[PDB]
Amino acid sequence: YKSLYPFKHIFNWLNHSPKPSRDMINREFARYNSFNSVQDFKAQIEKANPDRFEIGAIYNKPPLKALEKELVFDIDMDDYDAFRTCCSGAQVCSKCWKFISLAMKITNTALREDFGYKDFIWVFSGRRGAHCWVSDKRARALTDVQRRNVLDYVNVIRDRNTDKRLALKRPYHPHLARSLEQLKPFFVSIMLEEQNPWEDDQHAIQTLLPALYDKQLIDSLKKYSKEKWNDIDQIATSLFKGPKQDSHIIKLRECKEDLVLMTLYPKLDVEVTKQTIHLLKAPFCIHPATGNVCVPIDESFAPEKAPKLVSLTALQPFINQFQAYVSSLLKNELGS
Amino acid sequence: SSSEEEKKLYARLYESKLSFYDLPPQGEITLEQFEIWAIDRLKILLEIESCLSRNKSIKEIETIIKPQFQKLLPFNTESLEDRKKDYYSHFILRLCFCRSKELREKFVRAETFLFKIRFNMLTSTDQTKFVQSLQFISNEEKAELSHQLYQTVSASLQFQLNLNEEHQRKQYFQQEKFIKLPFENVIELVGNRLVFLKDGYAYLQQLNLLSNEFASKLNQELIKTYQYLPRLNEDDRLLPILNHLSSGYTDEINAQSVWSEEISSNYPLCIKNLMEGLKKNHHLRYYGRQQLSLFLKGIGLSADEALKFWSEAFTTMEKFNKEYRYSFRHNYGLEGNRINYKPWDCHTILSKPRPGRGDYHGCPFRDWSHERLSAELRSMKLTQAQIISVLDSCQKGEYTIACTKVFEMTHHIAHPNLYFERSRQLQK
Ligand code: SF4
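Residues numbered from 1 in each chain as written, not as in the entry; some residues may be left out. Chains lettered and ligands numbered in written order. Part of a larger assembly, values for the part shown. Heavy atoms only, no water. Residues with missing side-chain atoms left out of burial classes, pairs and counts.

*Asks:* Teacher, can you tell me more about the overall build of chain B here?
*Replies:* For chain B, the count of helices and strands is 23 helices and 4 strands. In summary, chain B has a C-alpha radius of gyration of 28 Å against a globular reference of 22 Å for 428 residues, an excess of more than 25%. Seen through its C-alpha atoms, chain B measures out along the principal axes to roughly 85 × 50 × 40 Å. (Helix = DSSP H or I, 4+ residues; strand = E, 2+ residues; numbered from the N terminus. Rg over C-alpha atoms; globule rule 2.2 N^0.38 Å.)

*Asks:* For this particular structure, what's the right way to read the interface of chain A and chain B?
*Replies:* A common way to state how big an interface is: give the accessible area lost once the parts meet. On the chain B side, the residues contacting the 18 residues of chain A number 18 residues. When residues of the side of chain A that touches chain B are traced back to their parent elements, those giving at least two are α4 (94-113), α6 (144-154) and α7 (174-195) of chain A. Per-element accounting of the side of chain A that touches chain B gives the leading share, 4 residues, to α6 of chain A. Classifying every residue of the side of chain A that touches chain B gives 7 nonpolar, 4 polar and 7 charged. (Contact = heavy atoms within 4.5 Å. Nonpolar A, V, L, I, M, F, W, Y, C, P; charged D, E, K, R; others polar.)

*Asks:* Help me understand the sheet that holds strand β6 (residues 130-134) of chain A in this model?
*Replies:* Whenever strands of a sheet pair, they do so through backbone hydrogen bonds, lying parallel or antiparallel. All names here are of chain A. Taking strand neighbours across the sheet as the criterion, the 4 strands line up as β4-β6-β5-β8 in an open arrangement whose pairing is antiparallel. With one partner strand each, in any of the chains shown, β4 (71-75) and β8 (296-297) form the two edges of the open sheet. Two elements, strand β5 (residues 120-124) and β8, share 2 bridges in a ladder whose sense is antiparallel. Residue pairing across strands places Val123 opposite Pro296, the latter belonging to β8. Packing against the sheet, α4 makes contact with β4, β5, β6 and β8, and its axis sits at approximately 160° to β5. (Pairing = 2+ DSSP bridges. Axes fitted to C-alpha atoms, helices over the stretch in contact; angles between N-to-C directions.)

*Asks:* Looking at this structure, I do not really get the nonpolar core. What am I missing?
*Replies:* Within soluble globular proteins, side chains that are nonpolar tend to cluster in buried spots. Ranked by internal contacts, the top residues of the largest apolar core, which has 100 residues, are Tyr5, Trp13, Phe41, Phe73, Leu111, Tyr117 and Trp122 of chain A. For this core, the element with the most residues is α4 of chain A, which contributes 9 residues. Formed by 25 residues, the second largest nonpolar core is a distinct cluster that contains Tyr267, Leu274, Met275 and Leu292 of chain B. (Core = buried A, V, L, I, M, F, W, Y, C linked by side-chain atoms within 4.5 Å. Buried < 20%, exposed > 50% of the residue type's maximum accessible area, 1.4 Å probe, protein only.)

*Asks:* Help me understand empty space enclosed by the protein in this model?
*Replies:* To find leftover empty space, a probe the size of one water molecule is rolled over the atoms. Approximately 120 Å³ is the volume attributed to the largest cavity. Lining the largest cavity are 16 residues, and of these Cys270, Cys346, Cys363, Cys403 and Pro416 of chain B sit closest to its centre. For the lining of the largest cavity, the secondary structure elements donating two or more residues are α14 (269-281), α18 (346-350), α19 (364-367), α22 (399-410) and α23 (416-426) of chain B. Class assignment for the residues of the lining of the largest cavity results in 13 nonpolar, 3 polar and no charged. Here the second largest cavity defines a volume of roughly 100 Å³. Residue lining of the second largest cavity: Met77, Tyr80, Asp81, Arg84, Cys87, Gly89, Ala90, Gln91, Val92, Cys96, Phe99 and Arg128 of chain A, and that is the complete set. Class assignment of the residues belonging to the lining of the second largest cavity gives a composition of 7 nonpolar, 2 polar and 3 charged. (1 Å grid on protein atoms, 1.4 Å probe; cavity = no way out; pocket = protein on both sides within 12 Å on 5 of 7 lines; lining within 4 Å. Points joined across faces, edges and corners; volume = space filled by probe spheres on them.)

*Asks:* It is not clear to me how the packing of aromatic side chains should be interpreted in this structure. Could you clarify?
*Replies:* Aromatic ring pairs are reported here in terms of the distance separating the ring centres and the angle at which the planes meet. Summed over all chains, the structure comprises 55 aromatic pairs over all chains. Ring centres of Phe41 of chain A and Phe53 of chain A lie 6.1 Å apart, and the angle between their planes is 85°; this geometry places the pair in the edge-to-face category. With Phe41 of chain A in helix α3 (residues 38-48) and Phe53 of chain A in the loop between α3 and β2 (54-59), the pair connects residues that are 12 residues apart, well separated along the chain. Both residues of the pair, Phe41 of chain A and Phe53 of chain A, belong to the buried class. Pairing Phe320 of chain B with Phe328 of chain B gives two aromatic rings, centres 5.8 Å apart and planes at 50°, and the pair type is tilted. Both residues of the pair, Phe320 of chain B and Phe328 of chain B, belong to the buried class. Above the plane of the ring of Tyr32 of chain A lies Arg31 of chain A, whose end atom (NZ or CZ) is 5.1 Å from the centre. (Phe/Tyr/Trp six-rings, centres within 6.5 Å; stacked < 30°, edge-to-face > 60°. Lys NZ or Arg CZ within 6 Å of the ring centre and 35° of its normal.)

*Asks:* Would you mind showing me how to read the pattern of salt bridges here?
*Replies:* Any two side chains of opposite charge can pair, on the condition that their charged atoms come close. Throughout the structure, instances matching the rule amount to 31 salt bridges over all chains. Between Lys98 of chain A and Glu194 of chain A there is a salt bridge, and its shortest N-O distance comes to 2.8 Å. On the criterion of sequence distance, the pair formed by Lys98 of chain A in helix α4 and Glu194 of chain A in helix α7 is long-range, its members being 96 residues apart. Residue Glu194 of chain A is classed as partly exposed on the basis of its relative accessible area, which comes to 29%. As a salt-bridge pair, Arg237 of chain B and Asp235 of chain B come within 3.2 Å of each other at their nearest N and O atoms. Residue classification places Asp235 of chain B among the buried positions, given a relative accessible area of 16%. Members of the salt-bridge network, linked through shared partners, are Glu68, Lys137, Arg140 and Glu333 of chain A. (Salt bridge = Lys/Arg side-chain N within 4 Å of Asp/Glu carboxyl O.)

*Asks:* Looking at this structure, I do not really get the site of the ligand. What am I missing?
*Replies:* All names here are of chain B. Every residue near the ligand is listed here: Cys270, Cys346, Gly362, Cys363, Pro364, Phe365, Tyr399, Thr400, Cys403 and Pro416. Here the ligand is seated within the largest cavity. Put simply, the parts of the chain that give the shell around the ligand at least two residues each are α19 and α22. The leading source of residues in the shell around the ligand is α22, at 3 residues. (Near = heavy atom within 4 Å. Sits in = over half its atoms within 2 Å of the grid points.)

*Asks:* Looking at this structure, how should I read unusual backbone geometry?
*Replies:* Most of the time, phi is negative for any residue but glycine, and the peptide bond is trans. Residue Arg170 of chain A is joined to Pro171 of chain A through a cis peptide bond whose omega torsion reads -5°. Structurally, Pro171 of chain A is set in the loop between α6 and α7. Located in the positive-phi region is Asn49 of chain A, a residue other than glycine, with phi close to 55°. Within the fold, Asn49 of chain A resides in the loop between α3 and β2. Of note in the backbone geometry, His282 of chain B takes a positive phi value of approximately 55° without being a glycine. Note that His282 of chain B resides in the loop between α14 and α15 (286-299).

*Asks:* Before we go on, may I ask you to explain helix α1 (residues 3-13) of chain B in this structure?
*Replies:* A turn of α-helix holds 3.6 residues, and therefore any two residues three or four places apart point the same way. Residues and elements named next belong to chain B. Those residues of α1 that fall on the buried side of the exposure criterion are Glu6, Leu9 and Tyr10. Within α1, the buried residues cover an arc of 90° as seen down the axis, which keeps them to one side. Away from its buried face, by an angle of more than 90 degrees, α1 presents the exposed residues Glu4, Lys8 and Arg12. Those residues of α1 hidden inside the fold are in contact with α4 (80-97). (Arc of directions from axis to C-beta.)

*Asks:* Is there a simple way to explain the side chain of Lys198 of chain B in this structure?
*Replies:* Tracing the sequence through the fold places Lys198 of chain B in strand β3 (residues 196-198). The side chain of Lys198 of chain B is buried and forms no salt bridge, while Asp199 of chain B, the nearest opposite charge, is found at 4.6 Å. (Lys, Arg positive; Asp, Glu negative; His and termini not counted.)

*Asks:* Teacher, can you tell me more about the environment of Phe136 of chain B here?
*Replies:* Residues and elements named next belong to chain B. Of note, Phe136 is situated in strand β1 (residues 135-136). Separated by 45 residues in sequence, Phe136 and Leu181 have C-alpha atoms that sit 9.4 Å apart. Not counting residues within four places of it along the chain, the set of residues in contact with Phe136 comprises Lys177, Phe178 and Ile179.

*Asks:* So what exactly am I meant to see when it comes to the packing of helix α20 (residues 370-379) of chain B against helix α21 (residues 384-395) of chain B here?
*Replies:* Working note: a packed helix pair is described by the angle between its axes plus the distance between those axes. Residue and element names in this part refer to chain B. For the pair α20 and α21, interaxial distance at closest approach is 10 Å and the crossing angle is 145°. Two packed elements cross with a definite hand, and for α20 against α21 that hand is right-handed. In this structure, α20 uses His370, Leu373, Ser374, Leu377 and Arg378 to contact α21, whose residues at the interface are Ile387, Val390, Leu391, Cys394 and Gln395. Of the residues contributing to the contact of α20 with α21, the split by class is 6 nonpolar, 3 polar and 1 charged. (Left-handed = near helix turned anticlockwise from the far one by under 90°.)

*Asks:* Just to check I follow, could you spell out the sheet that holds strand β4 (residues 201-203) of chain B for this structure?
*Replies:* All names here are of chain B. The strand order across the open sheet built from 4 strands is β1-β2-β4-β3, with neighbouring strands paired in antiparallel fashion. Edge positions in the sheet fall to β1 and β3, since each has one partner strand and no second. Where β3 lies against β4, 3 bridges are found, and the strand directions are antiparallel. Residue pairing for β4: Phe196 is matched across the bridge by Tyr203.

*Asks:* Please clarify how the environment of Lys280 of chain B should be interpreted in this entry.
*Replies:* When you line up the elements, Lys280 of chain B lands in helix α14. A sequence separation of 10 residues divides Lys280 of chain B from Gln290 of chain B, and the C-alpha atoms of the two residues are 18 Å apart.

*Asks:* Quick question: what am I supposed to make of the environment of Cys87 of chain A here?
*Replies:* All names here are of chain A. Assignment of secondary structure puts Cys87 in the loop between β4 and α4. Expressed as a C-alpha distance, the spacing of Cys87 and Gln195, which sit 108 residues apart in the sequence, is 9.3 Å. When neighbours within four sequence positions are excluded, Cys87 is seen to be in contact with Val92, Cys93 and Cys96.

The structure is reproduced here in structure tokens:
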């Protein structure tokens, strides 16, 4: 806190102006703390010496009604746990990092081609997650109901139980079609080969069988990841004969698409998003259990890339990334 | 305005069979058509709310309000009398319900239901004709965004236009237009993925947007109408009308409970005095028995618990089964012609012959003295000026305003049951 945390960049980011404003005077720091300038920000953070401090909403009064807070998304690997073999428990690597990469890709695609948002960045959670911060004017003052609307648009996976067929609405909503035509080519190379969670027969019966509709086909496959994936289609064509092949083949396609979604679709955090008042760990905070820096995430970032606890330190590239983002945010604020 | 100017005005304003009813009217109406038109529109509203309260579905609501349309309020018939009828009746209703927030809420909901039914009733051409006269996306933006809008709207077309066939959906989707609006106005449709969105713009399920826009504008106009009420309140020809039309829309409670303070804390004076008499004398006379019985039915006492309580208050069973059981069961409509007799109101209760010695029925703001009324009000922790106000209301023959007075000071009502209802609602 004395040397490495770039207070000026964070202050200029969350102030929404080169000059200190009520967007910074009346925002909560975790509870119910606020600073008036960079200097008092530094003094209070140094004096308190917290493990991590969380960003609150902008209020009418110095922390009480919430006025604005940037739209946020938190994602954690826990909802993807039943589908990897590279890491166990709370370990991370670039093999399981592909999950967060794909999820961030899907969410960014939605937020840009869909919601008109432009100033959004991703913040690493410290151990295994990524935090989204959308700082456009519309999202910052977004109401609770409309925040619920945007979340419920983004999180198709509402049932986090891996032992059930999703039975998604058909045909896909256009965002669903876009997400699938994005994620489908990656699904093979990741889940069928690199993770290969269905090679184990017990994990297979626990995960790959409940996603299917037909009990007879389920039992035939049971008695009988890429190999099993092909065998599903083979035994499906074997068991379903007659004029009714077409519906069964189509629904098998749809079930496979649902399972590909269930495996690689964004599984966000549903509570950090809902209410504008809610709190989230500020960027560049330190994880007390691992010691990493919650660095901003770019496309090629991997967990091993995050530096462990200044312009010539490894922190500097992330500092300049944040500098560019904050400058773009301020120019867009002037434009609005 | 001369009849030609009003003719042209209603031609312009009712070019489409449907309008959001934006501007104030222009003309004069004789009071008889005022009443006829208000009553027709109010009755249709009452029937629609009766249909919704029982959770009837859309098509049956259409079918059941069809004959009341055919009889009371003609629609899609070009008679200018029909048009001015509907318009004047609606704006009179806006005068009527604008007085209280519960009534405003119910009126906005119900008139938007009318909007809904009328809309689904109309033809496709005239539907879009109303929609035209909030930007329609260009045909080029339609063709460029063809696949996405088709994907989005196909399910809604299936479920709403019985377009099971895909070819019919393509044919109507070709005919369909699309509107562009930021998603903050259609977030409800966004949540269910009923409308496509693109770069912060929602392509609209357009009927729900039209209806909720109408509803919000209606609520604002109605608040404004209440704001300007005192500038019409000099119209001595309409205040009876508006009061009549406003009133035109008008176990936990168990045998042991009705003696508990949690239950009798909400009572009006009449029911309190009736409880006092029933506790004291262990018997009432016919009028008090009927008033109290129908009141306790109205608040929601079960028939068996009613028998329980009434039998308990008389501290023989033989005479009960001989004389009172049949009368009590007749009261609940559980005898004879099967008429569940609706509770007496303050009006009907006052219409009863005046109480005497041994009687406790009536409106105590009438049947008591200012001495007893004032002592009871002091027991209710009322101030002095409050007592003068209540007694001033009483002296003018105005018992009901004194009742609602004492209500507002111990917490227009001319019904003890709605007195209890509002009192309980304040705690809920
Ligand atoms: S005015 Fe009516 S409701 Fe009020 S106490 Fe008298 S009878 Fe009961």
